[PDB]
Amino acid sequence: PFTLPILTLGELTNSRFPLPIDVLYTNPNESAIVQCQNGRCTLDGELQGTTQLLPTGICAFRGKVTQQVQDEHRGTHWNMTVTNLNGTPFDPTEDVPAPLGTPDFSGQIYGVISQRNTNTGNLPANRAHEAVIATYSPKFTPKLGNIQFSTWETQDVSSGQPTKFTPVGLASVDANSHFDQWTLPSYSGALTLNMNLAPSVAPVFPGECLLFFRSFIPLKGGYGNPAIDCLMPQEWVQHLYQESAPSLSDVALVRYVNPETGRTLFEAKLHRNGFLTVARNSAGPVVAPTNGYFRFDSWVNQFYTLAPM
Amino acid sequence: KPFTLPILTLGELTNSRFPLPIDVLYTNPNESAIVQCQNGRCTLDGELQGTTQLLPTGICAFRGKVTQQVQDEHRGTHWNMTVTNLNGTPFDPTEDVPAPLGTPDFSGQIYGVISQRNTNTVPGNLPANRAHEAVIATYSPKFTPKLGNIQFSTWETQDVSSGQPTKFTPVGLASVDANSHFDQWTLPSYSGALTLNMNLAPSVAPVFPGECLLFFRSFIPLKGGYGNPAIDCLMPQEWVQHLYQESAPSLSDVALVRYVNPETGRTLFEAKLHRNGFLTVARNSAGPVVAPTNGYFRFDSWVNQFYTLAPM
Ligand SMILES: C[C@H](CCC(=O)NCCS(=O)(=O)O)[C@H]1CC[C@H]2[C@@H]3[C@H](O)C[C@@H]4C[C@H](O)CC[C@]4(C)[C@H]3CC[C@]12C
Ligand SMILES: C[C@H](CCC(=O)NCCS(=O)(=O)O)[C@H]1CC[C@H]2[C@@H]3[C@H](O)C[C@@H]4C[C@H](O)CC[C@]4(C)[C@H]3CC[C@]12C
């Protein structure tokens, strides 16, 4: 039978960046097409886009620095090949948009590049430094098997050594930072066409809007309070993958219940492609008690009318 | 409610004691230290223990507020931080826990990023932000998370703000040299040097001749220096999360599990999954387990403590 995990909002993590879920969120007057590639899983357990199971793999990279690269842009820049997260070489011919875990939004992603040398008191040398990956840059070509990152450090990155990127937040969200959580990177480089994408999601029913699991993302500096909205938390991805339960219809009716009072706070539609919609006519957070969680009710047809929240 | 494990390969598992993928299974029979880690602790019927919590983002993380810069005879720039619970609520030191859930459970110089987003906004009515590399020495007398405050240090000498919401994102270790005090089995003194740790998850050990603990091992990054340090957890975070969800009653003290190659259909070895949440194997060898990448543990039966494991 179909189930959802029993996890409160404070027990869920974002599927699009390594962050706890802070709040549920709606934005009906959203202009952009929602087509994120991480946190994408059908209700019958099929992963899509760049989605993989590891919380540690979201917006992470594994590979090897090849060389420093000279550029007209400020900073120190480095090219690294990218493998799959499990160390195997990335096959650019696989039907995926990019290596699984690749960031799915435009921005200056801030984190830590770390290296542990292959050569060896028979111990290998190590180094780690703050770094930024500009996913909108023409040098961001993960589908081709390589990317560029930049550092404040000017010299202390080694060529030919195993390299890991741990994401932490964003470098900036100012006017020149290109942050847009709904603009996909061009995974094959500048002016290229993405392929093998998880489909876009939209509410079709009148008065319905997408319901998001929202996390606020740290900044290296500057002003802003940026957020990342995912369609389903990573634990739901992991759960749906394990269960692979037959979808008895295209829409699951779920209720967001308060365990203290037993009362249903609101109901939503959980769609077969892995997203939620609610009947709500306003934008902003959902101010719900901390212990609330979604409970599966039943399968319904597409023409079911949600009670307004 | 029957007991189950998730079907996940090692490349689909993450460490429960530091935010890292599982790299290899691992034994160290000649281990002399007492094994009593506090993260990644869960009974087979789903009771979280120690400082264990469910969020992979909460492991070795902190939330709170920098109170002030402080002095220290050691070089660097030093900051005092109050710590709350990870969800932002104030930590209640009377709660029957060793420390705020997610607190690191080992001695070392934990390397990460401290980030801040100010409470006050600036009329486009947006708050200011900063982030810097930081190190938390869990062995320091100033590491008192059970008392609701800790100390971290930065290379950065100035750009850390007092009284503002502060987050610590762990990345790895600063050093594992001789003066770095790295020992994954030595607990922090959660309340300081004159106080006993309380509400601990119990120590684990094989109670059977020829058996040793089996760990899920992750290699942990280093800011610099030499070494190949690793963190061994008793069960991956996904097992903690699964056991908690299922809450299946334990029908004996030992669940027999087999590690299975789903391609060759073969059992590579068997292990005891103990009620307190750890594995043992009959292995005289130390070091990694060479097992195919598609393998995973399968629950086979409830047995007792006298079951003799097939040697691996
Ligand atoms: C190379 C990157 C932009 C590339 C680019 O093509 N920009 C223009 C966009 S477009 O091609 O016109 O689409 C820039 C964007 C943000 C930059 C970083 C951030 O500004 C933060 C850092 C600032 C320091 O002065 C230098 C290092 C530091 C870490 C920078 C390195 C270079 C980065 C990573
Ligand atoms: C204050 C910390 C040790 C506290 C301490 O009690 N040490 C002695 C051991 S005990 O008191 O006997 O337990 C030390 C340990 C490691 C140090 C850090 C690391 O060495 C890395 C950094 C090195 C830079 O030169 C300064 C900043 C930098 C980030 C250091 C700041 C101070 C730290 C964090």
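Q: What is the right way to look at the overall build of chain B in this model?
A: Counting secondary structure elements, chain B contains one helix and 14 strands. The globule rule puts the C-alpha radius of gyration for 312 residues at 20 Å, and the 21 Å found for chain B is close to it.

Q: What am I meant to see in the overall build of chain A here?
A: A count of helices and strands for chain A gives one helix and 15 strands. The C-alpha atoms of chain A give 21 Å as radius of gyration, which agrees with the globular expectation for 309 residues (19 Å, within 12%). Oriented by its inertia axes, the alpha-carbon framework of chain A measures out at about 60 × 40 × 40 Å.

Q: Sorry if this is basic, but what is going on with the environment of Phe-212 of chain A here?
A: Residues and elements named next belong to chain A. Tracing the chain through its elements places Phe-212 in strand β8 (residues 208-216). With relative accessibility at 4%, the residue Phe-212 sits in the buried group. Along the sequence, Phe-212 and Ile-228 sit 16 residues apart, while their C-alpha atoms lie 9.2 Å from each other. Apart from the residues within four sequence positions on either side, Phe-212 is in contact with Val-23, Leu-24, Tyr-25, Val-34, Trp-182, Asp-229, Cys-230 and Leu-231.

Q: What am I meant to see in the pairing of strand β5 (residues 126-134) of chain A here?
A: For a regular strand, the rule is simple: side chains alternate between the two faces of the sheet. Residues and elements named next belong to chain A. For β5, the buried fraction is high: nine of the nine residues fall into the buried class. Neither face of β5 is open: one carries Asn-126, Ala-128, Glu-130, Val-132 and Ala-134, the other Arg-127, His-129, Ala-131 and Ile-133, and all of them are buried. With nine bridges joining them, strand β4 (residues 108-116) and β5 adopt antiparallel strand pairing. In the strand pairing of β5, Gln-115 is matched with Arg-127. Pairing analysis gives two bridges linking β5 to strand β6 (residues 146-151), with the strands arranged antiparallel. Across the sheet, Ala-131 pairs through a bridge with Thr-151, a residue of β6.

Q: Help me understand empty space enclosed by the protein, please; the structure alone is not making it clear to me.
A: Once rolled over the atoms, a probe with the size of a water molecule shows which space is left empty. In this model, the largest cavity occupies a volume close to 360 Å³. What lines the largest cavity is a set of 26 residues, and nearest its centre among them are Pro-18, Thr-166 and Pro-167 of chain A together with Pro-19 and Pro-170 of chain B. Roughly 50 Å³ of internal volume is contained in the second largest cavity. Surrounding the second largest cavity, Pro-6, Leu-8, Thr-9, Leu-10, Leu-13, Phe-216, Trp-239, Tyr-259, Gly-295, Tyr-296 and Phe-297 of chain B form its lining. Taken together, the residues of the lining of the second largest cavity break down into nine nonpolar, two polar and no charged.

Q: Help me out: how do you make sense of the environment of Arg-40 of chain A in this one?
A: All names here are of chain A. Assignment of secondary structure puts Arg-40 in the loop between β1 (23-26) and β2 (61-69). Overall, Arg-40 belongs to the buried group, its relative accessible area being 0%. Expressed as a C-alpha distance, the spacing of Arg-40 and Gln-52, which sit 12 residues apart in the sequence, is 9.0 Å. Here the side chain of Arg-40 touches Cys-36 through a polar contact of 2.9 Å, landing on its backbone oxygen.

Q: Please clarify how the site of ligand 2 should be interpreted in this entry.
A: Residues and elements named next belong to chain B. Lining the immediate environment of ligand 2, one finds 13 residues, of which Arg-75, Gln-109, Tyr-139, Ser-153 and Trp-155 sit closest. Between ligand 2 and the protein, one listed contact pairs an oxygen atom with a backbone N or O atom of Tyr-139 at 3.5 Å. Coverage of ligand 2 by the protein amounts to 67% of the 680 Å² it exposes when considered alone. Within the shell around ligand 2, the residues separate by chemical class into four nonpolar, seven polar and two charged.

Q: Please clarify how the nonpolar core should be interpreted in this entry.
A: When a protein is soluble and globular, its nonpolar side chains tend to lie buried together. In this structure, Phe-213, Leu-270 and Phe-294 of chain A together with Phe-216, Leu-273 and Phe-297 of chain B are the most contacted members of the largest nonpolar core, which totals 60 residues. Ignoring anything within four residues of it in the chain, the contact list for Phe-294 of chain A reads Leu-4, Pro-5, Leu-24, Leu-211, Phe-213, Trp-236, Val-254, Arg-255, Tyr-256, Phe-266, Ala-268 and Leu-276 of chain A.

Q: Could you clarify how one ought to interpret the interface of chain B and chain A in this entry?
A: The extent of an interface is frequently quoted as the accessible surface area lost upon association of the parts. Listed per partner, the contact involves 46 residues of chain B and 45 residues of chain A. Elements with a contribution of two residues or more to the side of chain B that touches chain A: β4 (109-122), β5 (126-137), β7 (165-173) and α1 (237-246) of chain B. With eight residues, the top contributor of residues to the side of chain B that touches chain A is β5 of chain B. Bridge analysis of strand β9 (residues 221-223) of chain A against β5 of chain B gives three bridges, and the strand direction is antiparallel. Bridging from a neighbouring strand, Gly-221 of chain A pairs with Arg-130 of chain B of β5 of chain B.

Q: Could you clarify how one ought to interpret the site of ligand 1 in this entry?
A: All names here are of chain A. Around ligand 1 sit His-73, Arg-74, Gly-75, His-77, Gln-108, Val-132, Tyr-136, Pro-138, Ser-150, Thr-151 and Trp-152, and that is every residue in its neighbourhood. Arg-74 places a polar side-chain atom, nitrogen or oxygen, 2.3 Å from an oxygen atom of ligand 1. Within the complex, 71% of the 690 Å² of free accessible area of ligand 1 lies under protein. Classifying every residue of the shell around ligand 1 by side-chain character gives four nonpolar, six polar and one charged.

Q: I would appreciate a short explanation of unusual backbone geometry in the present structure.
A: Peptide bonds are trans in most cases, and residues, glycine excluded, mostly fall at negative phi. A positive phi is found at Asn-122 of chain A, a non-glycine position, where the angle reads about 60°. Note on placement: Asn-122 of chain A falls in the loop between β4 and β5. The phi angle at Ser-247 of chain B is positive, at roughly 50°, despite the residue not being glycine. Relative to the helices and strands, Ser-247 of chain B resides in the loop between α1 and β10 (254-261).

Definitions and cut-offs
Residues numbered from 1 in each chain as written, not as in the entry; some residues may be left out. Chains lettered and ligands numbered in written order. Heavy atoms only, no water. Residues with missing side-chain atoms left out of burial classes, pairs and counts. Helix = DSSP H or I, 4+ residues; strand = E, 2+ residues; numbered from the N terminus. Rg over C-alpha atoms; globule rule 2.2 N^0.38 Å. Buried < 20%, exposed > 50% of the residue type's maximum accessible area, 1.4 Å probe, protein only. Contact = heavy atoms within 4.5 Å. Pairing = 2+ DSSP bridges. 1 Å grid on protein atoms, 1.4 Å probe; cavity = no way out; pocket = protein on both sides within 12 Å on 5 of 7 lines; lining within 4 Å. Points joined across faces, edges and corners; volume = space filled by probe spheres on them. Nonpolar A, V, L, I, M, F, W, Y, C, P; charged D, E, K, R; others polar. Polar contact = N/O pair within 3.5 Å; in protein donor to acceptor, adjacent residues only side chain to side chain. Near = heavy atom within 4 Å. Areas by Shrake-Rupley, 256 points an atom, 1.4 Å probe, with all protein chains shown as cover. Core = buried A, V, L, I, M, F, W, Y, C linked by side-chain atoms within 4.5 Å.

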